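Quick note: numbers below take in every heavy atom, side chains included, and nothing from hydrogens, waters or symmetry partners. In what follows, chains carry the letters A, B, and so on, assigned in the order in which the sequence lines appear, proteins first and then strands, with residues in each chain numbered from 1.
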Amino acid sequence: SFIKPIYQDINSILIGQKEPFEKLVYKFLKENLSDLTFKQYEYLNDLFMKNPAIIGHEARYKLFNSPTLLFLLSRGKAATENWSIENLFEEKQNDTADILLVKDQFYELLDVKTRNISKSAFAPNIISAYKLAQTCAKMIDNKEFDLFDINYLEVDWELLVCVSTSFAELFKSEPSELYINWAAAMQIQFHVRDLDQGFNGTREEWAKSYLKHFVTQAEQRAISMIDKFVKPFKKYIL
Amino acid sequence: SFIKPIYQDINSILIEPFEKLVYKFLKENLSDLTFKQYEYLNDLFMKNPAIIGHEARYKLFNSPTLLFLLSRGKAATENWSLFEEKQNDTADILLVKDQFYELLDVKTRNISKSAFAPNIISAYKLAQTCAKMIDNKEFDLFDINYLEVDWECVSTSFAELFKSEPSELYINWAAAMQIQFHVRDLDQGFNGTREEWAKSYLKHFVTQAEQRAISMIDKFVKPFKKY
DNA sequence: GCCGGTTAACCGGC
DNA sequence: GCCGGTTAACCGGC
């Protein structure tokens with residue numbers, strides 16, 4: 001992680017600051033890691049400007065030089081082709097990372113989550129378990145196991161004042177422990193502070209291991225659906 | 001529908017929720033009928049000070065289906081004395097007359113945007129609902145209708161859920177198992193008893209649940225199996 | 001503690 | 001046209 005070596009300072013500077021503290025975190029990185037800090041859409045824009053001679057989606061989809069990167073970063077075909085110095089990319093919540101850290105072609109997909117301590121703890125949607133599945137399949141089909149890391153920074157607040165923060169990395173957690181809430185848009189849910197960080201194997205093992213977990217949960221869920229949405233309603237079908 | 005008769009009036013000459021307007025108009029012409037859910041709850045209790053146990057304030061609903069669709073839950077009802085408007089309510093607007101309830105949902109649509117069916121109601125919840133209905137013979141207790149408002153107010157629409165063909169309700173399982181549709185596209189030619197509707201809905205739900213179970217093996221299992 | 005259903009909408013592939 | 005996955009979080013039952 002590019003930001004871990006300076007996570008302590010972020011924690012310090014944030015604790016006390018008076019829902020989107022995301023902006024304050026971004027502002028920070030921009031001042032301490034100016035050469036590495038990009039918003040995802042900024043990155044795409046900058047990448048397209050360096051090559052004004054390359055137009056059309058299929059062509060601009062080549063500029064990534066990585067099928068996993070293309071998958072995690074690229075916008076829709078129409079949007080890519082309609083991109084121009086005149087018609088640039090803007091925010092877009094559906095963008096994978098909230099903050100992109102790049103260096104030596106290594107990418108840290110950082111997301112910033114915020115929780116309202118006052119409220120009763122409720123694990124938020126962290127990411128699509130399917131999207132993660134596909135992502136893991138790309139890493140293997142293409143053998144890209146040393147390209148990006150998916151990390152999270154959490155900022156706890158109350159009535160708004162930041163009271164504390166947390167920092168964890170997805171690829172350092174036990175893939176078999178990730179909770180997949182199928183009803184909630186098949187999204188993994190957890191609190192950064194509660195994320196397990198003891199994975200010992202390689203990034204490829206993780207990828208494989210996650211798939212086993214995803215596939216296994218999808219099997220179980222298919223069955224539990226008959227359990228919860230079929231059996232208890234047989235009564236009335238006569 | 002207590003609103004249907006005046007649905008012609010909910011639009012004349014005018015001069016991002018336009019839901020306020022929808023509520024104020026109903027309050028004006030159907031004052032002694034129109035109320036918000038949180039506001040209505042305040043009444044049921046404010047008309048009964050003697051009751052305080054959360055298991056008592058519950059039986060006041062004098063209906064197991066209504067209780068299911070309208071109650072706020074133990075802790076919430078127990079700590080009553082306010083009841084804020086919680087988007088978690090079943091309906092945005094409620095209208096009762098002679099022991100009958102019209103549960104109205106007000107949807108607004110950004111017309112300029114690309115047509116994307118929005119979440120209407122949880123298919124699962126609607127299943128439990130039909131269950132309570134049938135096992136309670138309460139097929140003449142309430143209606144679940146919808147009023148949609150387009151804008152860029154370009155136009156509006158109004159439909160009744162218990163008036164559409166069940167088999168046509170698209171249950172988008174990934175999107176929190178919610179039925180999706182724009183009011184203006186909802187089917188409106190169902191012919192049968194209300195009890196017929198509920199039963200028909202359950203068949204559709206169960207069948208779709210099985211179809212989803214199957215879909216999961218082919219889209220989330222089959223293609224990742226190899227690894 | 002443990003557990004998982006619900007908001008209001010919103011694209012992009014083919 | 002036709003189809004369905006994604007946001008950022010949020011809460012009550014036993």
State whether [X] places a side-chain N or O below 4.0 Å from either non-bridging phosphate oxygen (OP1 or OP2) of [N].
| X | N | value |
| --- | --- | --- |
| A:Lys131 | D:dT6 | yes |
| A:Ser128 | D:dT6 | yes |
| B:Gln87 | C:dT6 | no |
| B:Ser114 | C:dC11 | no |
| B:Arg212 | D:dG5 | yes |

Measure from the side chain of [X], starting at C-beta and using heavy atoms only, and say which of [options] lies closest.
| X | options | value |
| --- | --- | --- |
| B:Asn119 | C:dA8, D:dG13, C:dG5 | C:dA8 |
| B:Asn88 | D:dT7, D:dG4, C:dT7 | C:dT7 |
| A:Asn116 | D:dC10, D:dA9, C:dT7 | D:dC10 |
| A:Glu19 | C:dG5, D:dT6, D:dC10 | D:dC10 |
| B:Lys219 | C:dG5, D:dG4, C:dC11 | D:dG4 |
| A:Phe122 | D:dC11, D:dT7, D:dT6 | D:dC11 |
| A:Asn181 | C:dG5, C:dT7, C:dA9 | C:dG5 |

- Short side-chain donor-acceptor distance under 3.5 Å, B:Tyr40 and B:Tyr101: yes

- Message: Just by distance, no angles: are the side chains of B:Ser71 and B:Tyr58 close enough, under 3.5 Å, to form a donor-acceptor pair?
- Response: yes

- Message: For the aromatic rings, using the six-membered ring if either is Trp, is the centroid distance between A:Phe171 and A:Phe148 under 6.0 Å?
- Response: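 A:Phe171 vs A:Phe148: aromatic centres under 6.0 Å.
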
- Item | Ring centroid separation B:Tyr146 to B:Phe181 under 6.0 Å | yes

To the nearest Å, give me how far apart [atom1] ([X]) and [atom2] ([N]) are.
| X | N | atom1 | atom2 | answer |
| --- | --- | --- | --- | --- |
| B:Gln178 | D:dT7 | CD | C1' | 14 Å |
| A:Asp227 | C:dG4 | CG | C1' | 14 Å |
| A:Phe190 | C:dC2 | CZ | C1' | 19 Å |
| B:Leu147 | C:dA8 | CG | P | 16 Å |
| B:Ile179 | C:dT6 | CD1 | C1' | 14 Å |
| A:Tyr130 | C:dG12 | OH | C1' | 13 Å |
| B:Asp150 | C:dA8 | CG | P | 18 Å |
| B:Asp105 | C:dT7 | CG | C1' | 12 Å |

- Item | A:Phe229 and B:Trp173 aromatic ring geometry - parallel, tilted or perpendicular at 30°/60° bounds |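 Geometry flag for A:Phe229 against B:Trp173: tilted rings.
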
- Query: Which residues pass the ring-ring contact (aromatic ring centres under 6.0 Å, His included) test with A:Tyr7, sequence neighbours left out?
  - Reply: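 Applying ring-ring contact (aromatic ring centres under 6.0 Å, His included) to A:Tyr7 gives A:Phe167.
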
May I ask you to say what [X] touches in the nucleic acid, namely base, sugar-phosphate or nothing, with a heavy-atom cut-off under 4.0 Å?
| X | value |
| --- | --- |
| B:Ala76 | nothing |
| B:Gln180 | base |
| A:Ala123 | base |

- On DNA chain D, nearest-nucleotide positions of B:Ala115 versus B:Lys86: which is more 5'?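 The answer here is B:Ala115.
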
- Item | Along DNA chain D (nearest heavy atom to each residue), the more 5'-positioned of A:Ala185 and B:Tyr170 |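 The residue mapped nearer the 5' terminus is B:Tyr170.
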
- Message: Can you tell whether the side chains of A:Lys235 and B:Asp135 come within less than 4.0 Å, N to carboxylate O?
- Response: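 Salt bridge flag = no for B:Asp135 with A:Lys235.
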
- How does DNA chain C look in dot-bracket notation if pairs are Watson-Crick or G-U with both distances under 3.5 Å, crossing ones as [ ], other-strand ones as |? ||||||||||||||

- Message: Does the structure place the NZ or CZ of B:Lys86 under 6.0 Å from the centre of the six-membered ring of B:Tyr38, at an angle of no more than 45° from the ring's axis?
- Response: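 No, a cation-pi geometry is absent between B:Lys86 and B:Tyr38.
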
- Message: Quick check with a 6.0 Å cut-off and a 45 degree axis cone: is A:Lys172 positioned over the face of A:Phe199's six-membered ring?
- Response: no

